[PDB]
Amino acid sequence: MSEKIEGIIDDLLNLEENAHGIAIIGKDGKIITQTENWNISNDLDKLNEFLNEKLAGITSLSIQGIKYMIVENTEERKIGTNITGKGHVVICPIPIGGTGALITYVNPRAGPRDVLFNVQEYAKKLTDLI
């Protein structure tokens, strides 16, 4: 963790109104940082399993007791939506198809595709820092 990474996250949160939570997984599979409104620590093994699964598949992912149905899975972005109104999650691998990730909890009132432009770009900003 660094203040450079903290600066990037703060910039993303101020820029992207529908980013309601952030977590970063380092290239080693460990949590670098996360926003204080959630904790993904007890779900890290399942998150890493999903992040690193090769496609040619995992259909749901639970984070902190919220079940997300997987509606999109590429090397660039993986999207889960809770279907009881609890929100969405967007996982952007760092690098594309890699072992690090920028994870965004998405405002329940938004669609998860709404944050993609910003989160995919900010994932690329973290390439050399994680």
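Numbering starts at 1 and runs along the sequence shown.
The entry models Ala56 and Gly57 with a gap of 4 to 9 deposited residues left without coordinates.
For the two regions 84-92 and 24-32, the entry's Cα B-factors average higher over 24-32. Looking at mean Cα B-factors across 121-129 and 2-10, the upper value is held by 2-10. Which of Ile103, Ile63, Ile79, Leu51 has the largest Cα B-factor in the deposited entry comes down to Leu51.
Per the PDB record, residue ranking by Cα B-factor puts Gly111 in the middle third of the chain.
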